[PDB]
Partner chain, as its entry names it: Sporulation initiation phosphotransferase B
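Quick heads-up: it's one chain on its own, the form deposited without its partner chain, in structure tokens.
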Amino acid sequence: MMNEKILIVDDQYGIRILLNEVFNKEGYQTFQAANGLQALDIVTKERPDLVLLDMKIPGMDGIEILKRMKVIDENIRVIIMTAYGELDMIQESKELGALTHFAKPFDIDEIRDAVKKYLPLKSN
């Protein structure tokens, strides 16, 4: 009765903040990441069920990160905040473990909406 953990992987400033306050009042313990190693660490320390992976991180493709998440837990969810760009491992990444695929500019309403349908909160 306390698996409301989340990992917001975003290096660009603006998403880790907006997505934060949003999941902060709605009732969600989201974290911050971007280097990739920080996301996997918080994932092995708390083991959240929602992970926001962004392909914008200008340092290393997050394609490997998703792999580690599939090697540590198969019931892990991850969304792609970059649908407006390319689509190589995104298609297969879907059936793999990519719940939805958000892009930019996105709407904080569509992000919290998909997060609510996926992870159900306590009764009301």
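Residue numbers count along the first chain shown, from 1.
One more form of this protein exists, namely the form deposited with its partner chain bound; it is left out here, but the text below deals with it.
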property: Contact residue in the bound PDB entry, chosen from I72, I63, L96, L37 - any heavy atom within 4.5 Å of its partner chain; result: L37
property: Touches its partner chain in the bound PDB entry: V9 (any heavy atom, 4.5 Å); result: no
property: Contact label in the bound PDB entry: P58 to its partner chain, heavy atom within 4.5 Å; result: yes
property: Non-hydrogen atom contact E46 with its partner chain in the bound PDB entry at 4.5 angstroms; result: no
property: Contact flag, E92 vs its partner chain in the bound PDB entry, heavy atom cut 4.5 Å; result: no
property: Within 4.5 Å of its partner chain in the bound PDB entry, all of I76, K116 and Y118 (non-hydrogen atom); result: no
